[PDB]
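Student:
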Ligand SMILES: [Mg+2]
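Protein chains in written order, with our numbering: chain A, 100 to 208; chain B, 228 to 545; chain C, 1009 to 1301; chain D, 506 to 888; chain E, 1027 to 1071; chain F, 2 to 89; chain G, 19 to 293.
#1: Please decide whether residue 1231 of chain C counts as near chain D, where near means a Cβ-Cβ distance under 8 Å.
#2: Is residue 314 of chain B closer than 8 Å to residue 261 of chain B when the C-beta atoms are compared?
#3: Please confirm whether residue 258 of chain B has its beta-carbon closer than 8 Å to some beta-carbon of chain C.
#4: Across the region 643-654 of chain D and the region 580-595 of chain D, are there enough close Cβ pairs to call them in contact, namely three or more that are closer than 8 Å?
#5: Please indicate yes or no: does the CB of residue 120 of chain G lie closer than 7 Å to some heavy atom of ligand 1?
#6: Are the CB atoms of residue 355 of chain B and residue 386 of chain B within a distance shorter than 8 Å?
#7: So that I know if they touch, is there some Cβ in chain C lying closer than 8 Å to that of residue 411 of chain B?
#8: Between which residues of its own chain and residue 233 of chain G is the CB-CB distance below 8 Å, once the five residues before and five after are set aside?
#9: Mind pulling the chain G residues with CB within less than 8 Å of residue 1179 of chain C?
#10: Closest to residue 1149 of chain C by CA distance: which of C:1129, C:1032, C:1172 is it?
#11: Is there a C-beta anywhere in chain E that falls below 8 Å from the one on residue 64 of chain F?
#12: Say yes only if the C-beta of residue 452 of chain B is nearer than 7 Å to one or more non-hydrogen atoms of ligand 1, and no if none qualify.
#13: Among B:535, B:540, B:493, B:517, which residue has its Cα nearest to the Cα of residue 504 of chain B?
#14: Using a Cβ cut-off of 7 Å, pull out every chain C residue sitting near residue 522 of chain D, in sequence order please.
#15: Jot down the residue ranges of each uninterrupted beta strand (DSSP E) in the region 110-158 of chain A, minimum 3 residues, whole runs only, in chain order.
#16: Closer than 8 Å between beta carbons: that is the criterion. Which residues of the region 1050-1061 of chain E meet it against chain F?
#17: Can you say whether residue 1277 of chain C is buried or exposed, counting buried as having 16 or more other CB atoms within 10 angstroms of its CB?
#18: Measuring CA to CA, which of G:201, G:247, G:41 is closest to residue 71 of chain G?
#19: Can you check which of these residues, B:460, B:507, B:344, is closest to residue 877 of chain D by C-alpha distance?
#20: For residue 661 of chain D, does the three-state DSSP call read helix, strand or coil?
#21: Within the present structure, is the beta-carbon of residue 1223 of chain C separated from the nearest heavy atom of ligand 1 by less than 7 Å?
#22: Quick one, are the C-beta atoms of residue 1177 of chain C and residue 1027 of chain C less than 8 Å apart?
#23: So residue 562 of chain D and residue 814 of chain D are in contact, right, with Cβ under 8 Å, and what is the actual spacing, rounded?
#24: In the DSSP assignment, the beta strand (DSSP E) including residue 250 of chain G goes from what residue to what residue?
#25: Confirm, please, whether the CB-CB distance from residue 858 of chain D to residue 558 of chain D is below 8 Å.
#26: List, in order along the chain, the chain D residues whose C-beta lies closer than 9 Å to that of residue 190 of chain A?
#27: Interface residues of chain C around residue 88 of chain F at Cβ under 7 Å?
#28: Would you kindly report the start and end of the unbroken alpha helix (DSSP H) that includes residue 253 of chain B?
#29: Give a yes or no on whether the minimum CB-CB distance between residue 320 of chain B and chain C is below 8 Å.
#30: Curious, which full-length alpha helix (DSSP H) runs of at least 4 residues does the region 1163-1244 of chain C contain?
#31: Is there a Cβ of chain D sitting closer than 8 Å to that of residue 323 of chain B, yes or no?
#32: Beta-carbon within less than 6 Å of residue 1288 of chain C's beta-carbon, same chain only, minus the 5 sequence neighbours each way: which residues are those?
#33: Kindly provide the ranges of any alpha helix (DSSP H) runs that are 4 or more residues long and lie completely inside the region 649-701 of chain D, ordered along the chain.
#34: Give the single residue among D:782, D:768, D:749 whose Cα lies nearest to the Cα of residue 758 of chain D.
#35: Would you say the beta carbon of residue 17 of chain G comes nearer than 7 Å to a heavy atom of ligand 1?
#36: Could you work out which residues of chain B lie near residue 617 of chain D, taking near to mean beta carbons separated by less than 9 Å?
Below you can see the structure in the form of structure tokens.
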């Protein structure tokens, strides 16, 4: 019973095909990787500050190896800061980034 | 992979006494003495053990008074519980109890333990019972190193502390013999380990090696001069260094960022000058003693410093 | 948070041939500081590689093996000057060096022609001074060992004069312990002092010694890949006499210091054969008697 | 087909003895390319008894390595002279990264900072159906270094060039890194190709082979892993990957006949490393292998086994850049392999002791603004 | 500038040496010299 | 110039052997060693009568001796007090 | 053995019983105390602050130690107390030998001066470094004890020299290499390459203070070029033609040079710390 909930193959490609009023943070992680385990803690700390203004989900990279290559992922610790509106783009981050950058991306972009 | 070690002998004299012998033959001249002395000092005083720390009886006036039905006094019962050998791997405090009734002899098989702690001897003598009287005793187990002095007596009333000894290894010994290789001097190393049954001599050897490695590791860390155990210990530190205090922002600036030709850059690097503050500390006269330098590069560095910074600390004309 | 940190409190450069360093390891517990200090001192004094001059081929220069006409100093003096040269290198095996100087009055200093691997720390060292006009040619050999040169590779040399020079990169090391404890806790701080000859900084000596100690203690973790009378003394204390035996055999076993049945069981048939006047018929009869019960 | 700016010759003036090593690529923090199932030499008798105190992962997965910045920091810690050539942003993250490298003695003169582009931010487009993202909207600073920006002077001083296959993903950075490789090769120097196949290159073997065929020919020293070696060829893994005993089926030393196809003319040595457990080297005339420990305190945040590969590469480069004339010798290569194994084990120990254990079920420790971690003694509690 | 000794040093020799060092250097130097001699003697014994 | 001599110098400066040398040096200009004691006691009394709490660093006698040694060209600490910076 | 000549080891309970007045004054002076009862309760509570204040008080306060039998005139001396754990007063071995130490437990009375005059007199007159000569005739009362004399004798004794070191006559058929400095000799001894009794040749920097006896050299090898070697029983002088002492080598062991070096370095360190 945590904030960030697990997703699957088909249910994750539905919040982008529909509509929303809050940004969506798609997180790729693998159980094996060490760095990701850290990233999850700061993602939960960021989500506990935005309980209704932001949605944070996570998807593994071992059961969904097909949904990762077409997502254009290059490494385990990766995030996607997609926006509600259409037209505005997607932000892909690669690595262990501080929480200040995440706040400055979800607020000013 | 030329160095080979093997357990030469392995015996079990008693359930609380183990003996193992080892060999390290292809060793070199001066390495044997160091390895031997370090392993001896690590096997005696660096391995840790679990022992009973506090005992709580049902109703006794003092630890020196006797009790009906039991031959030994409370002091002898405490001394017998002191010799109980236990095995654990998790730090903290656990509770145990003995609740034997009836005539007979209370032994270690009568101690009930948490699922983490186990017993080794399972046949040690605690006390003797002669009358059908319930014997109910409380226990407290703790893992630590060395020997503990029962100085504190707070946080609990009606319990008698016992001075435990957390020393699994009884004795150790090493011997060094020559290999007979002619020109090159090679030596053979032996090791004898006596353990109290809580862990085999091989496990004690591995644990002593790991403890020595853990003691020698910190010399290879970064030299200390912000919260530890954090991967972002450099981001917030740099963010607050230039924001909290003055005259420290020059320390964060290095020569590399300041555009410079390769010659002046590598010459200043060979002169043990790495930061801008170090370049500001030495006057213009010091830049001449370094070899492979001229008078024009001094003008160049002064001009780019005036372009980057307002003035100089000690590089002014004097 | 209770993390073992190390700092360099004092650092001095007395000359190009001498250094100094003082270090501190604060949060050490009790009993660990002395062990760490002894181990680090042994590693600094014995487990650091050094480079020096082993052999000197002085047959090229004109000399009568006792004195040189051009060189003011004797051959012993120039050898003692060559053995004091400090070198910084990462050589594997052996390397050759040569020094040739031509001039009426010259002081041979830092004139060694070295490969890029080897470097000279102090260029002011004098090999020979007040040299008269002469062709001064010396062939040198350099090695890199930890302790010393126990045995030379070539026992017979034509004109090469071996120099018994110790490498010894670190000149001295010492440790001290300062106890800081209030109550039940007793913390100890280690104080390491290192003196290097200039070939390497005192800060690098700590890292080298620590890595050497770790490499020495790792092998203990290496793992290879895998592919009536029925009591105790009623039979044990049975001396051979009670079990009936022919006389010959009895006497023989006795001279062989075999009294009980355990001594007979421990001895095999081969060594039994070694016993004088012992025969195969006997070995079958003693086996039968031991089995006839 | 290359340009050189010689100018004044300052080679013998102030180059110093330790040859400069140019580590090319991106500057990231805690980024692992990929991960494949692997094995490890451990004592299962000691693990089955301390199962309540030792963190042993269920399925072991080792990453090929870390990043170019990590290798640079490791080589500078070993005592070598390193220099990182890459492009970063001018924001707080890029400046913090530069600081990290600098404080560790890596030379950042080559690094170039841009004010318009960020450090780790890439803009993407939704694209057509199927979730096919397009990265065209903006490149990151890392994958956008112009051919012009390459600092020629460093490549002239450097005697060994290091680059990974992570930079060769973007078409813009691929041409730049190939130009840098050929420039460093023509000016005089050896090229170290550390193939760390990222996630998109694990689809098929033929595509992965034809993708890195532009490389693998301009490099003299190549470091591959056992899984990547089996993936490039037609070798299929035939191990258990989950057993609790060493059966010698793993840690297999392939005969030289399997290495013949991928071999070329200017290749000198090939290192196939199964971690700090066993490292095999293949040369023209001989080949052998060196075993290792790979039994270290393994905690979460450190189970990917990346510092091990970083230290192995750092030690190999440190030993091969000092005596370049003995890259083919057998004994020197064995000493290099042993030193690299020791360095990898030491770096893994250091990373396990620096990044502590995650908090257990009962967590009351002070919350670090970016993570949460406890020491080893704190993780050894009852509940 | 102390005399170099190559023979055995008994108690009378140490007494004479201390009596001469007190007159040549003073009690301040002699105290530290005697402390160092004590340390070296304990170490050797 | 002995290279390995800084340890005992630090030991002299820390343990407090500087005062034993300073007293012997100051007793080299006075005839009677009793008038010197009386003069030091009088000066310490006069210095402690002016400011009670501000008698120096810790005491007044050490302060008087440090003042007498600093007026002769020998730099000495304030009342011979130098704490250990390596105390956790 | 670790204590200096002026410092003495004072037990904790004796120290607090002596400086109770001073520590109560220090508590009431600055803070953390409002009355005598609260200060006494804090001192009885065994808090770290009271021990810190006790150490700060006894940092530079002289204390007097006097044996119960005052037979000799030096039976009453002054020391500087150091806070030590235990129930026994720790003293210097030399002062203990000079105070007629016994095998039995010798009781020691501890007195603390109060007035400024008493403190000045104890610091300037009654210290041990000011009274080292006995008033009888002037002989040093502080001499090395039994163990120190044994150590010095083992150092300066040497080893065998004749039939006890060689079996056959040396007339039928080298020593340690010529050590340029005594530092190299001590380093080789610590590396366990030469024994403590193994003879060696130490290059002497022509100090001309050649200590020997009135004994002519055993041999003088006068060569044809003009440089003759004067071989003595303990040293070698290499002299050129025009009356020039080229080299001087001394044949000794590591103990003599160790003692000489330690005395010289003690003198030099004292002279440097004086400045
Ligand atoms: Mg008595």
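Ideal Cβ positions, reconstructed from N, Cα and C, are used throughout, including at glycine.
Tutor: This is what the structure gives:
#1: yes
#2: no
#3: yes
#4: yes
#5: yes
#6: no
#7: yes
#8: 250, 251
#9: 201, 205
#10: C:1172
#11: no
#12: no
#13: B:540
#14: 1124, 1127
#15: 123-128
#16: 1052, 1053, 1054, 1057, 1058
#17: exposed
#18: G:41
#19: B:460
#20: helix
#21: no
#22: no
#23: The pair is not a contact, with the Cβ atoms about 17 Å apart (cut-off 8 Å).
#24: Run containing residue 250 of chain G: none; DSSP gives neither H nor E here.
#25: no
#26: 626, 627, 628, 629
#27: 1188
#28: Not the alpha helix (DSSP H): residue 253 of chain B falls in the beta strand (DSSP E), residues 244-254.
#29: no
#30: 1210-1225, 1241-1244
#31: no
#32: none
#33: 657-662, 676-691
#34: D:782
#35: For chain G, the structure presents residues 19 to 293; residue 17 of chain G sits outside this window and is missing.
#36: Per Cβ cutoff of 9 Å: no residues; residue 617 of chain D is ~11 Å from chain B at best.
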